[PDB]
Amino acid sequence: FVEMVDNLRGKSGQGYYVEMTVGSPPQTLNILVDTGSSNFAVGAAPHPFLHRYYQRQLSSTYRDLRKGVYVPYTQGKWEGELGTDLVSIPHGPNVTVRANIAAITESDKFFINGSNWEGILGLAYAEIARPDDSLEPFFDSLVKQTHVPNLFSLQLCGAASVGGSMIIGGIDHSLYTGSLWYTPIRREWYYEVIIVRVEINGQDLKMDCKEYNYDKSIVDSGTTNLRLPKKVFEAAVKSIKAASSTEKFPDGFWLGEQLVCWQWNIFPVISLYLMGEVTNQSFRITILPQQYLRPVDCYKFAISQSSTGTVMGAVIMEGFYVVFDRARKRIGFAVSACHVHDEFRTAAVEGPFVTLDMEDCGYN
Ligand SMILES: CC(C)(C)COc1ccc2c(c1)[C@]1(COC(N)=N1)c1cc(-c3cncnc3)ccc1O2
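Residues numbered from 1 in each chain as written, not as in the entry; some residues may be left out. Heavy atoms only, no water.

This entry, as listed in the PDB, derives from X-ray crystallography and reports a resolution of 2.40 Å.

## Looking at the site of the ligand
Our working definition: In these notes, residues near a molecule or strand are those with any non-hydrogen atom within 4 Å of it. Think of a polar contact as two N or O atoms within 3.5 Å of one another; within protein, one of them needs to be a possible hydrogen donor and the other a possible acceptor, and neighboring residues in sequence only count if both atoms come from side chains. We get accessible surface area from the Shrake-Rupley algorithm with a probe of 1.4 Å; when it comes to residues, only the shown protein chains can shield them. In this description a helix means any DSSP run of H or I spanning at least four residues, a strand means any run of E spanning at least two, and both kinds are numbered starting from the N terminus. Following the grouping adopted for this structure description, the nonpolar residues are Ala, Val, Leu, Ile, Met, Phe, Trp, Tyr, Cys and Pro, the charged ones are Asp, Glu, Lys and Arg, and the polar ones are all others, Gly among them.
Neighbouring the ligand are 15 residues; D34, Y73, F110, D220 and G222 lie closest to it. Between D34 and the ligand, the recorded distance is 2.7 Å, taken from a side-chain N or O atom to a nitrogen atom. Within the side chain of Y73, an N or O atom sits 3.3 Å from an oxygen atom of the ligand. Across the complex, the protein chains shield 83% of the 630 Å² of accessible surface that the ligand would expose by itself. Elements with a contribution of two residues or more to the shell around the ligand: β3 (27-34) and β5 (63-73). Here the residues of the shell around the ligand are counted per class, giving 7 nonpolar, 6 polar and 2 charged.

## A few points about the packing of aromatic side chains
Quick note on the threshold: Centres within 6.5 Å are what make two rings of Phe, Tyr or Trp a pair, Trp counting through its six-membered ring; a difference in plane orientation under 30 degrees is then read as stacked, over 60 as edge-to-face, and the rest as tilted. Think of it in three bands: with a 1.4 Å probe and only protein chains considered, a residue is buried below 20% of the maximum accessible area for its type, exposed above 50%, and partly exposed in between. Counting as a charge over the ring demands two things of the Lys NZ or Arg CZ atom: a distance within 6 Å of the ring centre and an angle within 35 degrees of the ring normal.
Scanning the model with the defined rule gives 28 aromatic pairs in all. With centroids separated by 4.9 Å and ring planes inclined at 75 degrees, the aromatic side chains of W189 and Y190 adopt a geometry described as edge-to-face. On the basis of relative accessible area, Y190 is assigned to the partly exposed category, the value being 22%. Each ring, one from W262 and one from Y299, has its centre 5.9 Å from the other, and the planes form 70 degrees; the classification is edge-to-face. Over the ring of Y190 we find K216; its NZ or CZ atom is 5.2 Å from the centre of that ring. Over the aromatic face of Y182 sits the side chain of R330, whose NZ or CZ is 3.7 Å from the ring centroid.

## Remarks on the environment of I303
Put simply, the rule is: The criterion used for residue contact is that any of the two residues' heavy atoms lie within 4.5 Å.
Structurally, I303 can be placed in strand β22 (residues 303-306). Separated by 12 residues in sequence, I303 and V315 have C-alpha atoms that sit 8.2 Å apart. Setting aside residues no more than four positions away along its own chain, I303 makes contact with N225, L226, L228, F233, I240, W254, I270 and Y292.

## Re the pairing of strand β1 (residues 8-11)
Condition: A pair of strands is labelled paired if DSSP reports no fewer than 2 bridges between them.
Alternating residues of β1 divide into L8 and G10, all buried, and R9 and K11, none buried. Pairing analysis gives 4 bridges linking β1 to strand β10 (residues 161-168), with the strands arranged antiparallel. Each residue of the ladder has a partner; that of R9, found in β10, is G163. In this sheet, strand β2 (residues 16-22) lies alongside β1 in antiparallel orientation, the contact comprising 3 bridges. Following the sheet pairing, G10 is matched in β2 by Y16. Connecting β1 to the antiparallel partner β2 that follows it, the hairpin turn spans 4 residues, and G13 within it adopts a positive phi of roughly 75 degrees.

## Overview of the sheet that holds strand β15 (residues 217-219)
Test applied: Every axis in this analysis is a line fitted to C-alpha atoms, fitted for helices over the stretch in contact. Angles between the N-to-C directions lie between 0 and 180 degrees.
Reading across from one edge, β12-β15-β23-β16-β22 is the order of the 5 strands in this open sheet, with mixed pairing throughout. Of all strands in the sheet, those bounded by a partner on one side alone are β12 (192-193) and β22. As defined by bridge partners, β15 adjoins strand β23 (residues 310-312) across 3 bridges and the pair is classed as parallel. Looking across to β23, one finds that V219 is bridged to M312. Most of the contacts of helix α2 (residues 230-243) go to strand β16 (residues 226-229), to which it runs at about 110 degrees, and overall it touches β16 and β22.

## Structural notes on the state of the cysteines
Condition: We call a pair of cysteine sulfur atoms a disulfide when they lie within 2.5 Å.
Within this structure, the stated rule accounts for 2 disulfides. Disulfide pairing is shown between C157 and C338; the S-S distance is 2.1 Å. Looking down the S-S bond of the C157 and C338 bridge, the torsion is -110 degrees, so its handedness is left-handed. Bonded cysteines in the protein chain are paired 1-3, 2-4 when counted in the order they occur along the chain. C298 takes part in no disulfide bond, and the closest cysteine sulfur to it belongs to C261, at a distance of 3.2 Å.

## Quick word on the nonpolar core
Here is the rule we go by: Side-chain atoms within 4.5 Å are what join buried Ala, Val, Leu, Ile, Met, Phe, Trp, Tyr and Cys residues into a set we call a nonpolar core. Domain start and stop points were drawn from an automatic or database domain assignment.
In this structure, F40, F138, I285, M312 and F333 are the most contacted members of the largest nonpolar core, which totals 97 residues. Each of domain 1 (16-148) and domain 2 (149-364) gives at least three residues to this core. Excluding residues that lie within four positions of it along the chain, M312 makes contacts with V193, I195, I218, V219, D220, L272, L274, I285, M317 and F333. Counting residues in each nonpolar core, the second largest holds 15 residues, with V71, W78, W117 and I120 among its members.

## Observations concerning α2
Because an α-helix completes one turn every 3.6 residues, residues spaced three or four positions apart along the sequence face the same direction. Keep this limit in mind: Each helix should span, by expectation, one fewer than its residue count multiplied by 1.5 Å. Read the arc as the range of directions from the helix axis to the C-beta atoms.
With 14 residues, α2 extends 20 Å between its outermost C-alpha atoms, agreeing within 8% with the 20 Å of an ideal straight helix rising 1.5 Å per residue. Those residues of α2 that fall on the buried side of the exposure criterion are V232, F233, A236, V237, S239 and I240. Looking straight down α2, one finds that the buried residues subtend no more than 165 degrees of arc, so they occupy a single side. The outward face of α2, more than 90 degrees from its buried face, is lined by the exposed residues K230, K231, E234, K238 and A242.

As structure tokens, this is what we get:
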């Protein structure tokens, strides 16, 4: 899988993207990798932010599905025309598949001014696809039409340019150290998982664990921050405040509404315990402040409250090598060979632990 190593690029806080080709002859586009949506959607018109876009008129393999699609999400929207065409990933497996493609013809707050990507690859499941679950997502199409195994994995390496690896169809053992630990995918829509316990510098928050997954917890490469449900964020902040009370900071800062500036150890490690593979067994992943204090001297608090549930975004994923094992309905975590650490503290994946009543932590 060596040709796939380092196939991801990006700029700080504008996501990670992979090179793809669409149409015949192939048209090259940079596409955002998003495990929190399920559509393959590409710029199709000369929006001024775009370096390039899908020109359906140049493709002999393009086919129109004669149907529109409308996608508002919390922070913007896109709209487009559905079709299919031949798709491939140059620094991915050596295969060409016919996939659904949303030709984006109108958007708001979707494309980023200054960014070097022109589309979005939704790697989540059919259920949250638009307009409905019959629009087969890319990865489903990929697996159905080839012998590429039903899994992919992500090493998001962070820092300004970021880099990483999307290993399609397998696992590359050089990208991680120690053992992979697997949490079950509770349901195949988003990559939903269950958090059963939360610790700040070893101190259990002691909240009903139902709170950690109200109304869900997901693993999402298209979100920068670790996002925590309101009640839990509050409780978590209060403990980061207490733990880090060596210095003081404004209330805006904790809300991610102002920065703080200097010219690490005052801040606690954060630990999430995830449901394991066996009854009454968990494991924990541990991240550093290096992961949740983001460079904007100046820094942003990369943890924020949420109304949609826990989102394990880039802040979490940059610590680890993450295996989206769709074949076995599970997600694996291991310490990333590329993650950024002190020579004191370190990102960690440790287990097994004993946790009772893990099923009660899920929300219905
Ligand atoms: C329909 C649905 C399932 C409710 C969600 O559909 C969606 C539809 C469109 C869409 C998303 C979700 C997002 C928003 O969050 C994620 N994961 N992708 C997203 C994130 C980014 C982005 C990532 N990283 C840094 N900066 C920006 C850019 C565009 C973008 O567009």
